[PDB]
Asks: 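This is the structure I have questions about; it appears just below.
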2 protein chains.
Amino acid sequence: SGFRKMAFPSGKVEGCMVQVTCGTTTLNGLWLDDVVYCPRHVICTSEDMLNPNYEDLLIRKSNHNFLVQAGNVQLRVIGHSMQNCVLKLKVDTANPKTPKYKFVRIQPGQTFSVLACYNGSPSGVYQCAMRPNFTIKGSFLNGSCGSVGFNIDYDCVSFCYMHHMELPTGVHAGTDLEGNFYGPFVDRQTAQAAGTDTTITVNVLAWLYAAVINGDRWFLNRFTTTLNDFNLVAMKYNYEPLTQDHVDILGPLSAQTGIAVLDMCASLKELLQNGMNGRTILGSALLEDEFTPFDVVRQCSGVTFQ
Amino acid sequence: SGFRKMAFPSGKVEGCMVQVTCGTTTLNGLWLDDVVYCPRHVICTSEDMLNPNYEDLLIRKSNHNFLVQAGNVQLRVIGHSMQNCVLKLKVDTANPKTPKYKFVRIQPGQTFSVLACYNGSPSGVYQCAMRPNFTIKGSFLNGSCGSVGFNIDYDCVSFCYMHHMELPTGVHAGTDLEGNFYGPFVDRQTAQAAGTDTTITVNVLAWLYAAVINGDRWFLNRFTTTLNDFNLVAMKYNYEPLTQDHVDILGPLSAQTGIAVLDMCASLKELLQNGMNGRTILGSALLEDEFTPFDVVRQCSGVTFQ
Ligand SMILES: *[C@H](O)[C@@H](C[C@@H]1CCNC1=O)NC(=O)[C@H](CC(C)C)NC(=O)[C@@H](NC(=O)OCc1ccccc1)C(C)C
Ligand SMILES: *[C@H](O)[C@@H](C[C@@H]1CCNC1=O)NC(=O)[C@H](CC(C)C)NC(=O)[C@@H](NC(=O)OCc1ccccc1)C(C)C
């Protein structure tokens with residue numbers, strides 16, 4: 001038993017990380033087949049970033065201005081183009097470590113693993129959630145741009161996030177691998193509002209089911225509630241409204257534990273109204289919302305990949 | 001900025017995981033050079049585990065009774081031996097993915113990454129700490145035995161933990177890679193006491209320094225204290241006594257932030273005496289003790305590996 005915030009094994013993604021240099025700026029790229037993907041602001045000076053005209057800046061660049069370095073293997077750039085907020089550098093060599101992969105645009109509330117990288121070398125791996133306001137709460141320093149977020153289905157890596165920027169909150173924003181930002185953000189050094197965040201209700205419930213599976217059951221109360229009744233408590237505490245789609249998603253956990261979803265909702269409602277009274281659930285004194293129902297099920301059934 | 005519980009990239013360790021079968025029992029092994037390492041209780045039936053005579057049980061086994069499977073590559077076993085609580089199976093093939101490695105016995109309070117595995121295939125990676133009572137708080141199901149904990153120094157993997165068992169607490173116990181248990185535990189299905197745990201004071205302070213680096217500074221109070229004065233508050237709250245060795249270890253963080261260690265201790269003392277009053281630090285409502293001073297420094301300086 002036990003329950004931990006667990007990332008996917010990162011080996012398949014490690015083999016794809018490269019270093020991309022244009023001028024003095026160096027960031028990370030993702031090398032898949034014969035294309036390297038990276039944030040387009042690799043082409044900016046520090047001053048350009050205040051208000052860059054990326055088309056005009058890219059026109060001043062040629063293939064040989066982009067230095068792509070894979071460990072010490074170094075790649076010849078034979079084409080470049082800008083797709084939304086990413087650059088695609090065509091190289092003369094296919095990555096021999098390219099895994100089976102897919103580019104996906106994830107939904108708010110979903111989770112993914114991040115492989116944090118600097119100069120094209122991995123530093124660490126951690127799990128998180130795409131917030132409802134399309135930010136993530138990461139750990140990113142200068143030079144981390146181009147680090148990617150991903151999920152694994154057995155042998156297939158689904159890339160879903162590339163890091164671009166940090167917002168005036170210490171939160172982080174980025175794009176999918178077609179270069180479209182999650183949320184309203186633009187890749188410019190100018191003040192930008194994230195907007196109000198909300199707690200991912202279906203993930204909290206999943207985590208309460210995780211708790212029961214692992215023996216933590218003090219919060220299991222006696223009451224029940226209705227969707228409406230719970231959704232009224234939800235808006236007060238800035239939780240996403242629960243839908244029947246969410247109830248259905250929680251079906252397997254409901255069946256494994258014998259606790260109806262609406263009964264679990266009544267427990268959650270009491271936790272929101274009365275707090276935890278200095279107790280903990282799964283080692284936490286806060287209600288956790290960065291485990292999806294799928295995350296809980298894989299961790300309590302032992303799903304593997306390779 | 002930002003601060004996350006970050007594991008090491010697991011790729012170098014993924015390449016070493018194999019499946020070991022003896023009879024009906026299947027668990028994970030670690031394949032390094034031409035030796036596979038795994039828990040010796042792979043040789044037990046469910047009934048043997050109540051009180052196994054491992055020498056007598058191993059004598060009934062021959063090389064061909066051990067099935068070692070690496071993905072679908074499958075290895076010929078040409079020798080076996082028992083070292084403390086691990087078996088060493090000699091195979092006829094050196095692992096072509098063997099990283100530069102070392103076997104280390106870590107100290108209580110140190111951290112390491114765990115690659116959780118089933119049937120020799122990785123499922124997830126997460127960070128944790130060797131508790132002062134020589135347990136870990138992991139996420140482990142049936143078949144996870146043989147999963148390993150490790151740290152990376154650039155290109156060198158230091159293996160420090162192999163998983164063996166779960167205790168009547170939901171906590172976990174295991175051995176170093178020479179097969180010596182951390183703590184008083186034995187590999188038998190019989191009730192076993194872990195003993196009182198304590199909080200890793202130097203790690204809490206490191207995490208408070210992390211908080212200040214990332215802007216969370218509300219807890220920075222006005223007072224100071226002495227080691228003695230703080231250590232008296234320490235024993236009351238079941239914290240490890242702080243030593244001058246710990247103060248010295250915290251030197252770099254003290255210099256980076258301009259906060260004397262004893263000033264930070266006075267903040268910690270007030271947090272222990274008065275709680276957090278419903279506030280949070282680095283997104284947590286509890287005092288966190290599973291980041292070492294080194295963990296904080298690598299995460300706020302961007303150290304990489306490969
Ligand atoms: C790539 O290096 C990446 C790393 C940053 C540095 C620290 N944490 C990170 O994630 N970020 C960048 O260099 C960005 C380049 C832009 C997208 C051209 N810039 C930023 O992330 C900057 N943030 C920003 O401009 O967002 C809006 C804003 C907020 C507050 C004040 C002014 C603007 C940050 C370095 C501040
Ligand atoms: C290897 O499969 C490993 C996985 C376990 C299963 C669930 N979580 C885990 O980490 N554990 C084992 O099968 C152990 C084999 C022994 C070491 C021969 N057994 C255990 O971990 C058992 N625990 C145990 O015997 O510890 C002492 C004890 C505690 C409470 C009651 C009785 C004894 C557990 C499966 C209970």
Side-chain angles (χ1 to χ4, degrees), chain A residues 1-15 17 71 113-128 136-144 152 154 166 169-172 214-216 275-276 278 280 283-286 295 298-306, chain B residues 1-15 17 71 113-128 136-144 152 154 166 169-172 214-216 275-276 278 280 283-286 295 298-306:
Chain A
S1 67
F3 204 71
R4 275 288 183 151
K5 207 189 273 304
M6 208 174 287
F8 289 101
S10 55
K12 277 166 164 142
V13 180
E14 288 170 53
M17 287 333 287
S113 285
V114 170
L115 179 65
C117 289
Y118 301 89
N119 290 116
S121 302
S123 172
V125 62
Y126 54 88
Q127 184 82 355
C128 62
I136 70 175
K137 315 180 158 164
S139 167
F140 291 111
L141 308 171
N142 304 340
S144 60
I152 308 187
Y154 205 75
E166 178 176 310
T169 304
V171 295
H172 300 107
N214 286 272
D216 287 353
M276 296 184 198
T280 65
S284 178
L286 301 173
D295 292 341
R298 62 179 286 272
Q299 184 161 163
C300 316
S301 81
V303 167
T304 56
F305 320 89
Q306 180 59 255
Chain B
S1 67
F3 204 71
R4 275 288 183 151
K5 207 189 273 304
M6 208 174 287
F8 289 101
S10 55
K12 277 166 164 142
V13 180
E14 288 170 53
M17 287 333 287
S113 285
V114 170
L115 179 65
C117 289
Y118 301 89
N119 290 116
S121 302
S123 172
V125 62
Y126 54 88
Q127 184 82 355
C128 62
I136 70 175
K137 315 180 158 164
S139 167
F140 291 111
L141 308 171
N142 304 340
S144 60
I152 308 187
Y154 205 75
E166 178 176 310
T169 304
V171 295
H172 300 107
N214 286 272
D216 287 353
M276 296 184 198
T280 65
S284 178
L286 301 173
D295 292 341
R298 62 179 286 272
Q299 184 161 163
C300 316
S301 81
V303 167
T304 56
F305 320 89
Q306 180 59 255

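The figures here come from the full heavy-atom set of this structure, side chains too, leaving out hydrogens, waters and symmetry mates. Order of the sequence lines sets the chain letters (A, B, ...), proteins ahead of strands, with each chain counted from 1.
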Asks: Checking A/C300 against chain B: side chain, backbone, both or neither under 4.5 Å from a heavy atom?
Replies: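 A/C300 touches chain B through backbone heavy atoms alone.
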
Asks: Only pairs of heavy atoms separated by less than 4.5 Å count here; which of B/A116, B/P122, B/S113 has the most with chain A?
Replies: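 Greatest number of close heavy-atom pairs with chain A: B/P122.
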
Asks: With chain A as the partner, which of B/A285, B/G170, B/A7 has the greatest number of non-hydrogen pairs under 4.5 Å?
Replies: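 Going by pairs under 4.5 Å, I would pick B/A7.
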
Asks: Using non-hydrogen atoms only, which part of B/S301 is less than 4.5 Å away from chain A: side chain, backbone, both, or neither?
Replies: backbone

Asks: Tell me the closest heavy-atom pair linking B/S10 and A/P9, and the distance in Å.
Replies: OG-CA, 3.4 Å

Asks: Please look at B/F3 and chain A and tell me whether the side chain, the backbone, both or neither of the residue comes under 4.5 angstrom of a heavy atom of that chain.
Replies: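 Looking at B/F3, just its backbone touches chain A.
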
Asks: Need one label for B/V303: side chain, backbone, both or neither, based on atoms under 4.5 Å from any heavy atom in chain A.
Replies: backbone

Asks: Counting distance only, does the side-chain N/O of A/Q306 pair as donor-acceptor with the main-chain N or O of B/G71 below 3.5 Å?
Replies: no

Asks: Give, as side chain, backbone, both or neither, the part of B/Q299 having an atom under 4.5 angstrom from any heavy atom of chain A.
Replies: both

Asks: Heavy-atom pairs under 4.5 Å with chain B: which of A/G2, A/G11, A/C117, A/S139 has the most?
Replies: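 The residue among A/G2, A/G11, A/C117, A/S139 with the greatest pair count is A/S139.
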
Asks: Pick from B/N119, B/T280, B/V125: which one has the most heavy-atom pairs with chain A under 4.5 Å?
Replies: B/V125

Asks: Work out which heavy atom in A/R4 is nearest to a heavy atom in B/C128; give both atom names and the distance.
Replies: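 Smallest interatomic distance, heavy atoms only, reads NH2-CB, 3.4 Å.
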
Asks: If you compare all heavy atoms of A/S121 against all heavy atoms of B/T304, which two are closest, and at what distance to 0.1 Å?
Replies: O-CG2, 3.2 Å

Asks: Roughly how far, to the nearest 0.5 Å, is OG of A/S123 from CZ of B/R298?
Replies: 5.0 Å

Asks: Compare every heavy atom of A/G302 with every heavy atom of B/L141, then report the nearest pair and how far apart it is.
Replies: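 Smallest interatomic distance, heavy atoms only, reads CD1-N, 3.5 Å.
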
